[PDB]
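S.K.: Have a look at this one before I ask anything.
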Amino acid sequence: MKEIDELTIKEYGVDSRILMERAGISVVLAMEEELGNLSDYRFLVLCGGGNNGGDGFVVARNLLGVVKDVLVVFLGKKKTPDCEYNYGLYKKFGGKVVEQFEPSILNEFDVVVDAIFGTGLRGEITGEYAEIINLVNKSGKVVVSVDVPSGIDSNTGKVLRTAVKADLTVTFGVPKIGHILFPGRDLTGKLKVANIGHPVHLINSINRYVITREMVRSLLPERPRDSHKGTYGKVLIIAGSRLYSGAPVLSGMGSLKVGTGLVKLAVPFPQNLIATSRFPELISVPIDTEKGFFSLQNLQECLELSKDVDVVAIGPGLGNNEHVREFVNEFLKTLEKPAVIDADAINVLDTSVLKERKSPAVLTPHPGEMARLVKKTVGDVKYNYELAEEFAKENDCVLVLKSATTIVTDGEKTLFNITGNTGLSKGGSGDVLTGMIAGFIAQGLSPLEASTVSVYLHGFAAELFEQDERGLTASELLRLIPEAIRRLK
Amino acid sequence: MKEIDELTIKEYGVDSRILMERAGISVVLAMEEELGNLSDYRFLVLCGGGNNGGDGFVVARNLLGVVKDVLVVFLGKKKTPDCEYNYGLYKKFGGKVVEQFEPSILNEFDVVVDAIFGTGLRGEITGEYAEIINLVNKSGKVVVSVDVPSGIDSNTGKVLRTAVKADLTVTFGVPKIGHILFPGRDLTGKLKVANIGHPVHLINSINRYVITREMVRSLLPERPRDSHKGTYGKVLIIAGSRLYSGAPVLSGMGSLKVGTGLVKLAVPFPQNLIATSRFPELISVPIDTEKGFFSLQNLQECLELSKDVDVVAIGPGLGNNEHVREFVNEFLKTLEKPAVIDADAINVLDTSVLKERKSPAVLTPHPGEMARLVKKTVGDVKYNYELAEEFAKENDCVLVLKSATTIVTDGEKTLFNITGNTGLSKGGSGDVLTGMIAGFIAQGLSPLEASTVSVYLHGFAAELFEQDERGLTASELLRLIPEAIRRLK
Amino acid sequence: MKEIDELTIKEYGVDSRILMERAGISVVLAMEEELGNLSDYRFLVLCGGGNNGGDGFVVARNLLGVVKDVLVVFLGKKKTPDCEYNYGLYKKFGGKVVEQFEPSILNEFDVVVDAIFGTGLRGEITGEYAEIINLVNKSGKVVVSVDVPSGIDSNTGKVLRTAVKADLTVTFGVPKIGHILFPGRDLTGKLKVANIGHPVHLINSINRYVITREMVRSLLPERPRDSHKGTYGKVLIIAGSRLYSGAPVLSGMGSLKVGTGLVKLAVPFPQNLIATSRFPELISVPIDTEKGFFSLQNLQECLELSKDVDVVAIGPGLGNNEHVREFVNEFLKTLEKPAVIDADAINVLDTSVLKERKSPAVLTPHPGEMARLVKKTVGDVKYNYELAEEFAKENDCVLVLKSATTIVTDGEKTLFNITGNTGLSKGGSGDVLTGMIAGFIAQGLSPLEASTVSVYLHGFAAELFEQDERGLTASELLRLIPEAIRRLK
Amino acid sequence: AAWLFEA
Amino acid sequence: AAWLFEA
Amino acid sequence: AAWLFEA
Amino acid sequence: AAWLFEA
Ligand SMILES: NC(=O)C1=CN([C@@H]2O[C@H](COP(=O)(O)OP(=O)(O)OC[C@H]3O[C@@H](n4cnc5c(N)ncnc54)[C@H](O)[C@@H]3O)[C@@H](O)[C@H]2O)[C@@H](O)CC1
Ligand SMILES: NC(=O)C1=CN([C@@H]2O[C@H](COP(=O)(O)OP(=O)(O)OC[C@H]3O[C@@H](n4cnc5c(N)ncnc54)[C@H](O)[C@@H]3O)[C@@H](O)[C@H]2O)[C@@H](O)CC1
Ligand SMILES: NC(=O)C1=CN([C@@H]2O[C@H](COP(=O)(O)OP(=O)(O)OC[C@H]3O[C@@H](n4cnc5c(N)ncnc54)[C@H](O)[C@@H]3O)[C@@H](O)[C@H]2O)[C@@H](O)CC1
Ligand SMILES: Nc1ncnc2c1ncn2[C@@H]1O[C@H](COP(=O)(O)OP(=O)(O)O)[C@@H](O)[C@H]1O
Ligand SMILES: Nc1ncnc2c1ncn2[C@@H]1O[C@H](COP(=O)(O)OP(=O)(O)O)[C@@H](O)[C@H]1O
Ligand SMILES: Nc1ncnc2c1ncn2[C@@H]1O[C@H](COP(=O)(O)OP(=O)(O)O)[C@@H](O)[C@H]1O
Ligand SMILES: [K+]
Ligand SMILES: [K+]
Ligand SMILES: [K+]
Ligand SMILES: [Mg+2]
Ligand SMILES: [Mg+2]
Ligand SMILES: [Mg+2]
């Protein structure tokens with residue numbers, strides 16, 4: 001993005017003042033769209049000394065004469081050249097500027113435009129800057145942030161001591177990672193992405209994308225009329241234990257509800273019988289076990305069951321103990337099919353095994369399992385997309401790191417998912433996702449594509465729940481999945 | 001309340017006649033609201049000699065000239081000063097008063113205003129007073145009671161020999177306990193609470209409240225966007241036996257449907273498998289038992305399962321025998337987590353154990369289990385809020401005493417719940433409640449708050465059932481819970 | 001306007017490239033608004049070598065990558081600096097430019113953007129430029145003109161040999177006279193006025209305005225509740241003859257329908273009786289005449305009738321002969337009230353009389369009467385706002401020159417009216433207007449204000465006619481007037 | 001609509 | 001809805 | 001209606 | 001609805 005602006009000025013030849021003008025007017029238009037007619041409102045524009053503030057000056061100047069009142073509070077010391085220019089325009093146009101903030105000031109304005117810091121923020125905000133942000137946050141006024149709410153680090157989404165909470169953020173060219181990852185995602189409020197005149201080839205060159213409806217629509221496999229269950233693939237899910245008899249059911253149904261032709265579960269007897277008593281469509285193979293858990297004595301039966309399926313999912317509700325550990329690593333070492341490795345299969349996994357595998361793999365950890373997997377803290381891995389990138393690349397796999405914003409990466413391409421809600425914050429929801437991913441691989445999507453489509457549809461199904469989200473359970477989510485698919489087209 | 005009137009006159013300085021005027025006109029306005037234009041109706045006002053009757057005289061006087069007909073039947077001997085004053089006003093204004101009731105009289109009137117007795121009722125009603133109340137009750141006329149239907153003891157809700165059955169009750173300042181507890185709640189009909197000019201600080205000073213929509217809305221925990229199942233807590237439910245394989249399922253789902261992140265049941269094998277066959281989202285741990293019931297041999301397994309959960313519910317469908325008794329009391333004595341103690345765990349409980357506990361507890365008895373618990377009759381404990389108060393305070397716990405009006409108390413604060421209907425009068429409904437309470441504790445509400453929110457939402461879900469209430473079952477109630485939550489906001 | 005751009009660059013400091021960028025993007029946004037999503041369309045941008053063409057290059061460049069196809073046909077020889085700059089940007093961005101137009105080219109495009117000439121057009125278009133405009137006009141494609149359709153002289157509305165016919169014109173800052181006067185008004189199609197960043201004080205400084213709904217709403221006199229016919233004024237209308245018995249009725253009703261309190265007509269007997277037989281509310285004074293026309297023998301009767309009225313309208317249907325001439329000029333010379341001089345009173349008027357008058361006057365000629373009045377051809381005066389200005393100023397009057405676009409001027413302020421339709425192209429419609437103007441003067445609006453409000457409301461009433469406009473008659477128009485007023489607020 | 005009455 | 005355009 | 005903004 | 005107020 002810094003790249004993008006520079007190239008658009010330096011190689012394409014667009015005057016930096018023109019980009020700055022387009023930036024500011026796009027903020028005005030976004031506010032009009034969100035607030036209706038702007039002439040009834042009084043606007044307090046907060047401008048730093050950088051180009052974020054310059055953008056602010058453009059906004060203030062364009063409100064002059066058209067709205068009830070404009071005031072700029074200039075908070076910087078030095079001004080960049082474009083900020084200086086635009087400051088001089090605002091003044092020539094008759095705009096009033098002050099240099100000291102008095103708490104009482106929010107009293108006489110309806111909208112605060114936050115142009116203090118954007119992508120040029122470095123390190124923590126303190127001093128006057130922090131007080132003013134805390135005042136704005138306590139004011140209950142409408143807050144529109146220019147580019148990113150001031151205080152959010154645009155590369156990570158972290159709050160640098162304190163940050164503005166916006167009702168509306170107008171960002172330029174492309175969403176920034178700090179709009180996408182929390183807490184920043186929360187502080188952004190409603191996000192508008194404005195076209196300010198970058199050539200389209202530059203906008204498209206960016207390595208990380210948010211997963212969209214259009215991308216997922218184009219990835220959904222085709223349903224030829226002359227087809228049968230074989231057309232849509234077979235999944236084996238190796239799952240469950242005597243502690244967890246339900247997980248396998250949720251995974252298997254996740255596969256069926258996204259359109260897989262045939263799903264076989266392998267589950268310790270008698271827990272395997274639980275699946276068909278809820279959903280008779282599922283096939284649930286009883287695996288004879290010594291203590292209610294998969295072990296090495298079951299290895300050959302499972303490789304045999306895997307011989308004429310398209311994909312194998314393993315992990316949900318297996319339990320984490322040494323017999324499971326032995327079994328999972330020998331299985332994965334010998335299985336020459338794509339694998340979706342989840343849950344307790346991740347908790348026992350030996351990552352050397354992923355390197356010596358010829359067939360592909362998707363790993364689906366929440367941060368707690370990722371932390372354990374790479375031997376780091378939850379805090380070190382949460383939302384750490386570069387870490388996920390390095391791991392996907394080292395181990396020749398797709399890593400789906402699950403959280404309110406899920407990261408899907410293969411080490412080259414990284415995608416962020418922003419669908420879903422807190423109804424998914426409840427056990428079972430991940431077990432469903434695993435089945436969805438395995439299912440899309442069975443139907444012919446690549447691992448990365450299957451994962452992109454699945455995370456998106458899984459979150460969208462949760463949002464379609466009719467009642468309060470907190471009451472959503474995994475069984476209900478399964479039922480919403482084909483509605484999500486329909487609404488997708 | 002007697003306190004309240006006295007202080008409003010004696011310390012704040014509001015003339016008692018003014019309070020009485022505001023009382024009476026609030027009755028007129030409440031009737032207009034309920035009946036439409038009052039001028040088509042004929043009103044028979046029944047006035048005792050107390051201030052309830054004085055309030056009646058204010059009503060009658062204010063109807064003079066505006067309605068088809070007013071008649072007062074004055075039933076008292078002496079009059080209090082404000083009743084005397086208002087009697088004299090009614091007469092000066094031209095109102096007609098008689099002193100003898102003739103059964104034939106109800107014939108020529110449409111509305112009976114019942115101002116015979118309010119909070120000054122002492123002991124049983126007999127003699128003329130009883131006959132007249134029984135006549136009014138047989139008349140099929142519209143009955144509006146001033147303050148409380150005459151015959152209801154305003155401190156308990158008991159009928160003192162006989163009582164008026166009202167279509168509408170207008171009470172002053174705050175609801176009286178006798179409007180809230182049955183039978184009085186039934187005899188009150190539709191209740192309006194009128195502001196007659198008490199200062200608000202006095203109205204708010206009252207120790208007992210009815211649980212309202214607004215109170216429950218403010219107590220619902222937050223759902224931060226960046227969250228996961230851990231954010232919303234973990235519950236262990238120790239439940240079931242070979243006699244009762246279903247109870248644990250209803251408790252576990254009750255927890256999940258109010259937004260708990262993770263629910264583990266511990267249930268004797270093979271009954272534990274019943275839970276996941278209905279709801280695979282649940283985790284149901286098989287507990288190995290000798291005869292199909294928890295005993296001391298299971299104590300250590302359960303303490304272990306309790307180590308990284310937030311709350312433990314125990315009791316639903318455990319069975320009541322000596323092995324269960326030993327197990328429950330040793331468990332609760334050692335468990336250092338908040339406990340929700342229900343059902344058969346209450347039936348075996350040794351209350352010394354609650355005193356020696358450092359962690360908190362909520363007990364959820366119906367009157368039959370409370371009676372047994374304190375060794376009294378059902379009749380002695382039913383609706384006995386002072387008894388519940390004393391028990392909560394002695395044992396350092398929250399007591400939720402369940403009935404059509406549920407009492408929630410911690411010995412200091414007492415709350416009454418008035419949502420729900422007879423569809424909850426059917427096995428399973430309590431087992432659901434236990435899970436709901438455990439769930440809200442898991443999410444961070446205090447025991448008392450979790451219980452307040454739960455009793456309210458549980459009754460409101462029952463009322464949302466689409467078909468006749470009597471056909472409601474606990475499974476359907478679970479499905480209604482997230483609708484209740486949504487309607488709450 | 002040339003003034004405006006220059007000052008905005010040279011004194012306010014706005015880079016001319018920035019104004020040009022805002023110009024072009026405002027064209028893109030106006031097209032999106034009018035056409036919906038632009039990505040389905042192919043655009044042929046026609047660029048001259050001036051700044052109009054530069055604006056075109058901005059448009060083309062901003063469509064690159066977002067729409068099906070862009071092509072520029074560059075038609076100029078030299079480029080101005082901003083056109084050169086923007087040409088270079090379009091190319092860098094990957095835009096394709098050709099320099100020769102092939103008739104077959106319109107075939108493969110859906111929208112022609114016309115940026116050949118704007119306000120820099122000088123003299124007639126011939127050569128390649130004319131052929132290309134004639135091709136576009138024969139193509140049936142959607143045509144969007146940048147600033148003004150190429151070929152319209154922006155100061156007069158004249159076509160310079162040939163001109164583009166647009167579906168949409170996006171003009172910058174303010175409407176140009178050439179959008180307002182015909183034929184240019186016709187060639188403009190739907191007109192959008194874009195804010196490109198001129199300071200508002202400059203935009204407002206312009207001497208000529210289009211009459212708007214908001215201006216007319218603020219001018220409508222107040223209707224105090226405690227009022228009577230005297231509050232709203234009295235009008236005398238001196239009108240009619242034995243040739244024209246209807247004109248006076250239409251004028252008198254025009255006065256009443258805009259809210260005048262009292263209208264007296266003076267009309268030769270027996271023609272005066274026609275008025276009250278249609279509208280009995282009118283007062284119609286029989287004037288005794290020798291041959292059916294006003295003459296000098298009626299002068300004193302009319303001055304007498306004028307003594308306690310607020311305004312006098314004279315002219316509609318008087319007839320044009322020497323007795324009328326003598327009478328009108330002696331009357332106007334002596335009448336010391338505001339006069340509305342219309343129709344045959346204009347045809348006989350001696351303009352020296354307007355100079356020697358102390359009281360005010362509004363003249364309401366169509367071009368045929370203006371031509372005669374200043375002794376010029378219809379062609380010389382039609383839409384000649386400078387001529388009208390000079391005449392209003394020389395004679396101390398308001399001149400309302402009537403046509404599809406009516407000019408209202410007092411020599412300092414000139415207003416253009418753009419309401420109305422061809423249903424007003426039918427006798428009687430002017431006679432109604434005269435009464436409307438006299439009425440608003442009677443109610444207290446200045447001559448210029450009365451005329452501004454009247455021309456607007458008169459055209460708006462015609463547009464409210466329910467059936468085909470061509471069937472509208474003056475009687476129906478009278479009925480629509482109070483609907484126009486209501487819709488105005 | 002709540003100054004006089006609460007339900 | 002009037003900052004950019006007047007009709 | 002998408003030239004300026006994407007949501 | 002007319003005991004308190006007439007309009
Ligand atoms: N119905 C069922 O049968 C269910 C079984 N489940 C199974 O239970 C087993 C254990 O899975 P768990 O995820 O509970 O525990 P894990 O042991 O795999 O997770 C490690 C710890 O990380 C923490 N954690 C979880 N999500 C986190 C997040 N988003 N951010 C930070 N920390 C987080 C948890 O507190 C957990 O204790 C798996 O086999 C899983 O399939 C779960 O899917 C729950 C539902
Ligand atoms: N589906 C299931 O598995 C169910 C199991 N249940 C379990 O059955 C066991 C016994 O519970 P119960 O309540 O039946 O019996 P309890 O032995 O706990 O109750 C004692 C007696 O009190 C009486 N009683 C119940 N509610 C009363 C009230 N509101 N007022 C006055 N008296 C009342 C009953 O007649 C009952 O016989 C518990 O473990 C409970 O969890 C019940 O929840 C019913 C549903
Ligand atoms: N119902 C009636 O009694 C009517 C009587 N009318 C009266 O008829 C008399 C003569 O008025 P006229 O306007 O017919 O003729 P005038 O003699 O005043 O007009 C001179 C000529 O100019 C031409 N002309 C009219 N409008 C023109 C325009 N917009 N552009 C160019 N040329 C135009 C006409 O061809 C007309 O012959 C007036 O006293 C007028 O009040 C007219 O108002 C028609 C209705
Ligand atoms: N607040 C939230 N917003 C969006 N998605 C969520 C949220 N909480 C959880 N999820 C999604 O729910 C699923 C949780 O998976 P996992 O943590 O494996 O839990 P489980 O094993 O409990 O099924 C993931 O897809 C995760 O990204
Ligand atoms: N008529 C009623 N109105 C409102 N609530 C009721 C009614 N009958 C029962 N309930 C509620 O239903 C639940 C019954 O719980 P409990 O008596 O423990 O029965 P169970 O063990 O049968 O589930 C309690 O919350 C109680 O207050
Ligand atoms: N096509 C048109 N569009 C708008 N207004 C029109 C049109 N034709 C005529 N008018 C209006 O109708 C009225 C005609 O007045 P006038 O020419 O004095 O005719 P008359 O004497 O026939 O009543 C004027 O207000 C004129 O501006
Ligand atoms: K900012
Ligand atoms: K009473
Ligand atoms: K043009
Ligand atoms: Mg999981
Ligand atoms: Mg119970
Ligand atoms: Mg005319």
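By order in the structure tokens, chains are A, B, ...; within a chain, residues start at 1; ligands start at 1, following the order shown.
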Dump the neighbourhood of ligand 3 as an MDAnalysis selection string: all residues within 10 Å, distances computed on only C-alpha atoms and all ligand atoms.
M.R.: chainID C and resid 239:251 314:320 342:348 365:372 377:379 381:382 401:404 425:432 434 474
S.K.: Hey, which residues come within 7 Å of ligand 7 if we count only C-alpha atoms and all ligand atoms? Could you give them as a PyMOL selection string?
M.R.: chain A and resi 52+114-118+145-150
S.K.: Output C-alpha atoms for every residue in the selection just made, as a tab-separated table (two decimals), in the first residue's frame.
M.R.:
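The resulting file, result_3.tsv, is shown below:
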chain	number	residue	atom	x	y	z
A	52	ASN	CA	-3.83	11.53	7.33
A	114	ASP	CA	-10.74	11.55	13.05
A	115	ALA	CA	-7.77	12.41	10.87
A	116	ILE	CA	-5.11	12.38	13.63
A	117	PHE	CA	-3.16	9.29	12.56
A	118	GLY	CA	-3.54	6.73	9.80
A	145	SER	CA	-12.21	7.82	10.89
A	146	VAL	CA	-10.06	8.73	7.96
A	147	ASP	CA	-8.23	5.59	6.66
A	148	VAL	CA	-7.95	3.75	10.02
A	149	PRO	CA	-9.12	4.80	13.46
A	150	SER	CA	-6.23	6.66	14.99
S.K.: Select all residues from chain D having any atom no more than 7 Å from an atom of chain B (counting only C-alpha atoms, ignoring ligands), output as a PyMOL selection string.
M.R.: chain D and resi 4-7
S.K.: Using only C-alpha atoms, find the residues of chain A whose closest atom to chain C is at most 9 Å away, then write them as a PyMOL selection string.
M.R.: chain A and resi 11-15+17-18+21-22+61-62+64-66+85+88-89+92-93+197+199-201
S.K.: Since we have the selection now, will you write its residues out, keeping N, CA, C and O atoms, as a CSV table (one decimal), in the first residue's frame?
M.R.:
chain,number,residue,atom,x,y,z
A,11,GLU,N,5.7,6.6,-10.6
A,11,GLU,CA,5.8,5.9,-11.9
A,11,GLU,C,4.6,6.2,-12.8
A,11,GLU,O,4.8,6.4,-14.0
A,12,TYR,N,3.4,6.3,-12.2
A,12,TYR,CA,2.2,6.5,-13.1
A,12,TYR,C,2.0,8.0,-13.3
A,12,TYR,O,1.6,8.5,-14.3
A,13,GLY,N,2.4,8.8,-12.3
A,13,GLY,CA,2.5,10.3,-12.5
A,13,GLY,C,1.3,11.1,-12.0
A,13,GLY,O,1.1,12.2,-12.3
A,14,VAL,N,0.6,10.5,-11.0
A,14,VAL,CA,-0.6,11.1,-10.4
A,14,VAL,C,-0.1,12.0,-9.3
A,14,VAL,O,0.6,11.6,-8.4
A,15,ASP,N,-0.3,13.3,-9.4
A,15,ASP,CA,0.1,14.3,-8.4
A,15,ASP,C,-0.4,13.8,-7.1
A,15,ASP,O,-1.6,13.4,-7.0
A,17,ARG,N,-1.1,15.6,-4.7
A,17,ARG,CA,-2.3,16.4,-4.2
A,17,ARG,C,-3.7,15.9,-4.7
A,17,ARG,O,-4.7,16.1,-4.0
A,18,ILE,N,-3.7,15.3,-5.9
A,18,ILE,CA,-4.9,14.8,-6.5
A,18,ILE,C,-5.3,13.5,-5.7
A,18,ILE,O,-6.5,13.4,-5.4
A,21,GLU,N,-6.9,14.9,-2.6
A,21,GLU,CA,-8.2,15.4,-2.9
A,21,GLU,C,-9.3,14.3,-3.0
A,21,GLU,O,-10.3,14.4,-2.4
A,22,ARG,N,-9.0,13.3,-3.8
A,22,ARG,CA,-9.9,12.2,-4.0
A,22,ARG,C,-10.1,11.5,-2.7
A,22,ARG,O,-11.3,11.1,-2.4
A,61,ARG,N,-12.4,21.4,4.3
A,61,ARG,CA,-12.5,22.4,3.3
A,61,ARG,C,-13.8,22.2,2.5
A,61,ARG,O,-14.5,23.1,2.2
A,62,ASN,N,-14.0,21.0,2.1
A,62,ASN,CA,-15.2,20.6,1.3
A,62,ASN,C,-16.5,20.7,2.0
A,62,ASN,O,-17.5,20.8,1.4
A,64,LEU,N,-17.0,23.3,4.1
A,64,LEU,CA,-17.2,24.8,4.3
A,64,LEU,C,-18.4,25.3,3.4
A,64,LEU,O,-18.4,25.1,2.3
A,65,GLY,N,-19.3,26.0,4.1
A,65,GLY,CA,-20.4,26.6,3.4
A,65,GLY,C,-21.6,25.7,3.1
A,65,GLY,O,-22.7,26.2,2.9
A,66,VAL,N,-21.4,24.4,3.3
A,66,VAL,CA,-22.5,23.5,3.0
A,66,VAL,C,-23.1,22.9,4.2
A,66,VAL,O,-24.2,22.4,4.2
A,85,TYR,N,-0.2,22.3,2.2
A,85,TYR,CA,-1.0,22.8,1.1
A,85,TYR,C,-2.5,22.8,1.4
A,85,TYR,O,-3.2,23.7,1.2
A,88,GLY,N,-3.5,25.3,4.0
A,88,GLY,CA,-3.5,26.6,3.4
A,88,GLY,C,-4.8,26.8,2.6
A,88,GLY,O,-5.4,27.9,2.7
A,89,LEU,N,-5.2,25.8,1.9
A,89,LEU,CA,-6.5,25.8,1.2
A,89,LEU,C,-7.7,26.0,2.2
A,89,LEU,O,-8.6,26.8,1.9
A,92,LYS,N,-7.7,29.6,3.3
A,92,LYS,CA,-8.1,30.6,2.3
A,92,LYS,C,-9.6,30.5,2.0
A,92,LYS,O,-10.2,31.6,1.9
A,93,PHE,N,-10.1,29.4,2.2
A,93,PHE,CA,-11.5,29.1,2.0
A,93,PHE,C,-12.4,29.7,3.1
A,93,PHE,O,-13.6,29.6,3.1
A,197,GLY,N,-8.3,6.4,-7.2
A,197,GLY,CA,-7.6,6.6,-8.5
A,197,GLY,C,-6.3,5.8,-8.8
A,197,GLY,O,-5.7,6.0,-9.8
A,199,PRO,N,-4.2,2.8,-10.2
A,199,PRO,CA,-4.5,1.9,-11.2
A,199,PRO,C,-4.9,0.6,-10.7
A,199,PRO,O,-4.4,0.1,-9.7
A,200,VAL,N,-5.9,0.0,-11.4
A,200,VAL,CA,-6.5,-1.2,-10.9
A,200,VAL,C,-5.4,-2.4,-10.8
A,200,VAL,O,-5.4,-3.1,-9.8
A,201,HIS,N,-4.5,-2.5,-11.7
A,201,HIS,CA,-3.4,-3.5,-11.6
A,201,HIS,C,-2.7,-3.5,-10.3
A,201,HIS,O,-2.3,-4.5,-9.8
S.K.: So the first atom is atom CA of residue C:415 and the second is atom CA of residue C:396; what is the distance between them in Å, to one decimal place?
M.R.: 16.8 Å
S.K.: Of the candidates B:28, B:472, B:484, B:75, which shows the shortest atom-to-atom distance to ligand 5, using only C-alpha atoms and all ligand atoms?
M.R.: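 The closest residue to ligand 5 is B:472.
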S.K.: Would you work out the distance separating atom CA of residue B:482 from atom CA of residue B:220, expressed in Å to one decimal?
M.R.: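 Between atom CA of residue B:482 and atom CA of residue B:220 the gap is 12.5 Å.
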S.K.: Determine, counting only C-alpha atoms, which protein, DNA and RNA residues have an atom within 7 Å of an atom of residue E:1; residues of the same chain fewer than 2 positions away are not included. Present the result as a VMD selection string.
M.R.: (chain A and resid 32 36 to 37) or (chain E and resid 3)
S.K.: Go ahead and compute the interatomic distance for atom 12 (O, counted along the ligand's line) of ligand 5 and atom CA of residue B:433, in Å to one decimal.
M.R.: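 Taking atom 12 (O, counted along the ligand's line) of ligand 5 and atom CA of residue B:433, their separation equals 7.9 Å.
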